[PDB]
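Architecture and fold: a report
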Amino acid sequence: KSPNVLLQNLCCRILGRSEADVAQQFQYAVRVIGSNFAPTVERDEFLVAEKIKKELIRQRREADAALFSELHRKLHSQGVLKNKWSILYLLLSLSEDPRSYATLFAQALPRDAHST
Amino acid sequence: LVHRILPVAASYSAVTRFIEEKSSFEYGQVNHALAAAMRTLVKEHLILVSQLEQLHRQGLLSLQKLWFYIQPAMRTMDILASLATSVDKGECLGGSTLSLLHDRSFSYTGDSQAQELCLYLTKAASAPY
Amino acid sequence: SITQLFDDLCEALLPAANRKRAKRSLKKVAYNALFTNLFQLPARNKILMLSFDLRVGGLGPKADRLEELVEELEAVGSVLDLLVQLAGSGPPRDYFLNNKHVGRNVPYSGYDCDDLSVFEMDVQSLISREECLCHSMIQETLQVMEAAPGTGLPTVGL
Amino acid sequence: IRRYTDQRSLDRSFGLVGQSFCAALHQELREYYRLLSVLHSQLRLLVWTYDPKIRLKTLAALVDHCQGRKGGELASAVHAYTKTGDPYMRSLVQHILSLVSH
Amino acid sequence: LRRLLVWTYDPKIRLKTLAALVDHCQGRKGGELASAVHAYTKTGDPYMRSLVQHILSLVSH
Amino acid sequence: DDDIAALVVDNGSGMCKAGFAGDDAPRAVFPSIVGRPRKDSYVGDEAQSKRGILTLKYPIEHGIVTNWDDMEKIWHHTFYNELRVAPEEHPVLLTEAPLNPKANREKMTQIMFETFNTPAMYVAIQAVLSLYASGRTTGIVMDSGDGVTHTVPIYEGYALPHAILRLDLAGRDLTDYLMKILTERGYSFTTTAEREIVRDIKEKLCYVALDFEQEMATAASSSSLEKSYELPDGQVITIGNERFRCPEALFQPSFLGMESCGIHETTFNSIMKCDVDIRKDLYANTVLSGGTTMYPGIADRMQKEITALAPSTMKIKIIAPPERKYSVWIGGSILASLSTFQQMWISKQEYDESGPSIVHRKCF
Amino acid sequence: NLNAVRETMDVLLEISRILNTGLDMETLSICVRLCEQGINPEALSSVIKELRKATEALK
Amino acid sequence: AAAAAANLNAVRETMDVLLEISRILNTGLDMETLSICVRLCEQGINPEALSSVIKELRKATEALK
């Protein structure tokens, strides 16, 4: 499936509606998603590991931050992916809590010193 | 042949002098916007000659090609160096060189290459006024 | 009527030179190729899939223009579905591009200088066409001079 | 033709129609600089250089005839050459006519 | 690229501006320093107008 | 081409249309007459004007052949006078009405290969040819011709024969009903020359509007609907209000005194007795026909009635060009020309090997 | 009405130039009048490509 | 083939692990939606834009309640 039709599948996944029932949402995301086709920062798998560990430290669950390292291992044991970074940056953004600053925390390489 | 190509150089040196001397504070806000919109038209010429520098090292450029290449820009700078001679002679600032830019926009209407230059130069320089 | 509009369509696509029996025969393929598809999910959404592909490879304001017209075209829907099929079967500067030396109430942006490399490609494409012209003037005559008489003259072809 | 178009593009009292005729001339002389670049790269080729002896033959007549004219009487010398029946010369005079009528 | 003159044209426009505020200001602190930036955004060249509209916002914090 | 030169002949009820395949107009239009003394025989204007001593007959009057001698002699005189070709060197397509019996078609092809001697043959129905003019093979074809009219549903392949509805509607019936209402009104009208002139005016000059009731009120409030017809003979018969109410049998049929249902009602009846799954696809190409499209304006009222026809579920998708008088002709002229159509065309070799009846199956 | 369908023809003009189609102005006016009848637009794309191939073989 | 279906079994195993990681951190996602999210990250796009479009679309489905 082409990258444009694929977003129309998303609006019918999240919303219960059809693509004909609502298209104004689908019209809103073609405007937003299409400006790029790439990440805006250069990637490293170490940083995204230490930001999911940072999250579980902030939820006081030290055993689960290392359960992840085992789930990272079985993912590597097959090794059919190289977009490991992107889907985890996705899931980390969408995290929920079952119950500061970032100007000093290390952020990814900006590509404002890299040819773009 | 190179003598025939020298006037667009004097029609560069006068133009680049205008931007430096008549952008100081004392010359007025309208003279700043005039020279800063004249500065962009320098910049398009400076881009060209670097691409020309690349082809010349590859042995792909000669006087016959170059003479052809500088043709649209020879008319462009000829309008700019003439206007610079006018403003400095008359010691213009404010609207006395917005009358001048008002008149020059009608002055060239038959070319449509020089007509679009002055109208752009007039839209830009009228903003401080 | 429809049986005339196939005769008018066949006239525009073919400038006159025969043109007395052939025009009747090209109206025959006008009926014959209309039914090959007929033998064997919104409409405005088919424009949006193209507007996506605009913004992917740059030029946002163009993609804003394609969607501006089709939204006032909703208030005729069967017309645009013909245009989207013939859109890949067609043919294969100015003072204003990356300017900041103009404008009145402009916010701060700082240096960019990663589109200054796409300020030299707007002009490299112009001058690379004005050299392929010189490449198409020396070829079109040397392809005739090298070959025997008969290739540019119809009379020695008799 | 070079002498003529250089003097009347620094003479502003010939009207803004003589300078539009001069602008049109600059456009036509621009295309002759394309051919000479191609020809310089190849360096008897008599053939390449005879088809401009048809063009320039028209050009000298066009320029020499329109001496002493400005305003609507220069619209009565570029209207001298809308009285032709050869489509090459008719195409030569159009994209002169629009600029001077402007 | 003509010794990269294309990338070094708006340089010596920013820097000449930021060597004038660094020339006008000399042992000024207080409202005399916020007067030492005033009327440097009213400049008719829009390049300098956009930059000293960024600077004064910082100084009046 | 790669098929020997094809000829197409439709023998109607008032004229025969003959000609060569791949010609836009009918190459020749002759009167439907075989002369018999009441001279020997003639086909043309002189024979048709001399009807009172040289008998005009009709080969078709009801969608079936009512005189076989007259139809074979008009087919032979189409091949000798209208075209003057020799029959054995041209494969010919002959016409039939839609849903004519199979054994009659066997008699037709036995006669066409034996008494007439063709090298290869085709016999086709009318609405399939109107469908090839509409640029499809699937759809509901409302076919109106001179002497034969049907609402034919046709899915891919052959028409659904259980749902084809025959309706008698032709231009001859129109000029007859104009005779009726004008003489009932009280105007003197008894002679055949006046009938010829009103048949001409009903076909060519006639006014039709959006509806009969609104135009009736408009004509009753003030009369200016009559445009004069000035012939040098001096016969002036036409009136504006009566000539639009002659084809009124298309919306309400009982103004003609017809017990058969109207045009809108028969096409509605036809699409309801097709399947509900193929209904939308046939309705995506519903076809107009009829020789009365010489005056355009009939199509607008037809488009109104097709909007009223199906329930409000999907929009109208009708092919309605204001030139469809020769639709059956232009279909055959493209169809018989084609080299691919040679693989559906039947020759004499198989025909002698497997009997005549296979012309129902090979060719259809 | 003719003022209204004129303005729809102008808006349909621009979207067929930026999409860089094989049509020109006059053939666009033919096809907008054709689909105004109810003719299938997936069908008109299959006729125009084959008609343009059969006409190009003569030249 | 057989080894090709073996690869298609192994990638389903990795995708099941990708489901497990999604649920131990508590997301609103399910496997059907994750099947789209994976192809989007295969084609390459900034994932902060995708998180932004998902965090708008989830607040456009609370207007069905």
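As stated in the entry header, the method of structure determination is cryo-EM and the reported resolution is 8.7 Å.

Looking at empty space enclosed by the protein
All names here are of chain F. Reported here for the largest cavity is a volume of approximately 360 Å³. Lining of the largest cavity is provided by 27 residues; of these, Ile 60, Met 71, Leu 94, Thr 95 and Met 108 occupy positions nearest its centre. For the lining of the largest cavity, the elements supplying multiple residues, two or more each, are β1 (7–11), α2 (68–82), β4 (92–95) and α3 (102–114). Considering every element that reaches the lining of the largest cavity, the biggest residue donor is α2, with six residues. When its residues are assigned to classes, the lining of the largest cavity shows 17 nonpolar, seven polar and three charged.

Quick notes on the interface of chain C and chain G
Bring the parts together and some accessible area is lost; that lost area is often taken as the interface size. In this assembly, 32 residues from chain C lie in contact with 37 residues from chain G. Buried surface at the junction of chain C and chain G, summed over both partners, amounts to about 3500 Å²; 79% is from carbon and sulfur atoms. Area buried by chain C at its contact with chain G is led by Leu 82, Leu 83 and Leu 86 of chain C, which between them contribute 17% of it. Taken together, the connections running from chain C to chain G amount to zero salt bridges. Applying the counting rule to chain C against chain G returns six residue pairs in polar contact. The set of elements that each furnish at least two residues to the side of chain C that touches chain G consists of α1 (2–12), α2 (22–32), α3 (35–39), α5 (60–72) and α6 (77–83) of chain C. For the side of chain C that touches chain G, the leading source of residues is α6 of chain C, giving five residues. Taken together, the residues of the side of chain C that touches chain G sort by class into 23 nonpolar, five polar and four charged.

Focus: the sheet that holds strand β6 (residues 139–144) of chain F
Residue and element names in this part refer to chain F. Reading across from one edge, β8-β7-β6-β9-β10 is the order of the five strands in this open sheet, with mixed pairing throughout. The outermost strands of the open sheet, each flanked by one partner alone, are β8 (165–166) and β10 (318–319). Both strand β7 (residues 149–154) and β8 contribute to a ladder of two bridges, which runs antiparallel. Bridge pairing links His 150 to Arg 166 in β8.

So, the pattern of salt bridges
For the coordinates displayed, the defined rule picks out 41 salt bridges over all chains. Its salt-bridge partner being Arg 55 of chain C, residue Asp 64 of chain C comes within 3.4 Å of it at the nearest N-O pair. Beyond isolated ion pairs, a larger network of salt bridges with shared partners links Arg 13 of chain A together with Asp 30 and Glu 32 of chain H.

A closer look at the packing of α2 of chain F against α3 of chain F
Residues and elements named next belong to chain F. Packing of α2 against α3 brings their axes to within 13 Å, and their N-to-C directions diverge by 40 degrees. One finds that α2 runs oblique with respect to α3. Here α2 runs over α3; the crossing is right-handed. Each of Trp 68, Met 71, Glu 72 and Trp 75 in α2 lies in contact with α3, whose residues at this interface are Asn 104, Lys 107, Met 108, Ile 111 and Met 112. Taken together, the residues that form the contact of α2 with α3 break down as six nonpolar, one polar and two charged.

Thoughts on unusual backbone geometry
Backbone geometry places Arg 111 of chain A, a non-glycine residue, at a positive phi of 65 degrees. Residues other than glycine seldom take positive phi values, yet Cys 113 of chain C does so here, at roughly 45 degrees. Assignment of secondary structure puts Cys 113 of chain C in the loop between α6 and α7 (121–127).

Quick notes on the packing of aromatic side chains
For the structure on display, the rule yields 19 aromatic pairs over all chains. Between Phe 68 of chain B and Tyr 69 of chain B the ring centres are 5.7 Å apart and the planes differ by 70 degrees, which places this aromatic pair in the edge-to-face class. The class of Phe 68 of chain B is buried, set by a relative accessible area of 4%. Since its relative accessible area comes to 23%, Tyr 69 of chain B is described here as partly exposed. Look at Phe 35 of chain C and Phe 39 of chain C: their rings are 4.8 Å apart centre to centre, the planes differ by 15 degrees, and that puts the pair in the stacked class. Of the two residues, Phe 35 of chain C and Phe 39 of chain C are both situated in helix α3; the distance of four residues between them amounts to about one turn of the helix. On the accessibility criterion, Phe 39 of chain C (35% relative accessible area) is partly exposed. Over the aromatic face of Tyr 58 of chain F sits the side chain of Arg 172 of chain F, whose NZ or CZ is 4.8 Å from the ring centroid. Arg 361 of chain F extends its terminal NZ or CZ atom over the ring of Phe 364 of chain F, reaching a point 5.5 Å from the ring centre.

Looking at the interface of chain H and chain A
With 41 residues of chain H at the interface, the matching set in chain A holds 42 residues. Summed over both partners, the interface of chain H with chain A buries about 3800 Å², with 74% contributed by carbon and sulfur atoms. The salt bridge involving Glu 32 of chain H is made with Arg 13 of chain A; its shortest N-O contact spans 3.8 Å. Inspection of the chain H/chain A interface yields five residue pairs in polar contact. Within the residue set of the side of chain H that touches chain A, elements represented by two or more residues are α1 (3–24), α2 (31–43) and α3 (47–57) of chain H. When residues in the side of chain H that touches chain A are grouped by element, the largest group, 11 residues, is from α2 of chain H.

Description of helix α3 (residues 52–65) of chain D
What sets the pattern is the α-helix's 3.6 residues per turn: residues three or four places apart point alike. The terminal C-alpha atoms of α3 of chain D lie 20 Å apart, and with 14 residues this matches the ideal 20 Å at 1.5 Å per residue to within 8%. Check the buried side of α3 of chain D and you find it contacts α1 (2–7), α2 (15–42) and α4 (87–93) of chain D.

Looking at the arrangement of the chains
Sorting the 10 pairs of chains in contact by contact count puts chains A and H at the top. As for chain H relative to chain C, no contact occurs, and the smallest C-alpha gap between them is 10 Å.

Observations regarding the pairing of β7 of chain F
Most of β7 of chain F is tucked away: six of the six residues are buried. By the alternation rule, side chains of β7 of chain F split into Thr 149, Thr 151 and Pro 153 of chain F and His 150, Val 152 and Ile 154 of chain F, which are all buried.

A short note on the packing of helix α2 (residues 29–57) of chain B against helix α6 (residues 114–125) of chain B
Residue and element names in this part refer to chain B. Taken N-terminus to C-terminus, the directions of α2 and α6 make an angle of 140 degrees; their axes are 8 Å apart at the nearest point. The angle between α2 and α6 falls in the class oblique. Judged by the twist between their axes, the crossing of α2 over α6 is right-handed. Counting all contacts with α2, which are made through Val 30, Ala 33, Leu 34, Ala 37, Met 38, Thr 40 and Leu 41, the residues of α6 involved are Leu 117, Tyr 120, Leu 121, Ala 124 and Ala 125. Of the residues in the contact of α2 with α6, the class split is 11 nonpolar, one polar and no charged.

Conventions and cut-offs
Residues numbered from 1 in each chain as written, not as in the entry; some residues may be left out. Chains lettered and ligands numbered in written order. Part of a larger assembly, values for the part shown. Heavy atoms only, no water. 1 Å grid on protein atoms, 1.4 Å probe; cavity = no way out; pocket = protein on both sides within 12 Å on 5 of 7 lines; lining within 4 Å. Points joined across faces, edges and corners; volume = space filled by probe spheres on them. Helix = DSSP H or I, 4+ residues; strand = E, 2+ residues; numbered from the N terminus. Nonpolar A, V, L, I, M, F, W, Y, C, P; charged D, E, K, R; others polar. Contact = heavy atoms within 4.5 Å. Buried area = accessible area lost by both parts, 1.4 Å probe. Salt bridge = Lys/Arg side-chain N within 4 Å of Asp/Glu carboxyl O. Polar contact = N/O pair within 3.5 Å; in protein donor to acceptor, adjacent residues only side chain to side chain. Pairing = 2+ DSSP bridges. Axes fitted to C-alpha atoms, helices over the stretch in contact; angles between N-to-C directions. Parallel < 35°, antiparallel > 145°, perpendicular 65-115°, else oblique. Left-handed = near helix turned anticlockwise from the far one by under 90°. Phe/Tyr/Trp six-rings, centres within 6.5 Å; stacked < 30°, edge-to-face > 60°. Buried < 20%, exposed > 50% of the residue type's maximum accessible area, 1.4 Å probe, protein only. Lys NZ or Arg CZ within 6 Å of the ring centre and 35° of its normal. Expected span 1.5 Å × (residues − 1).

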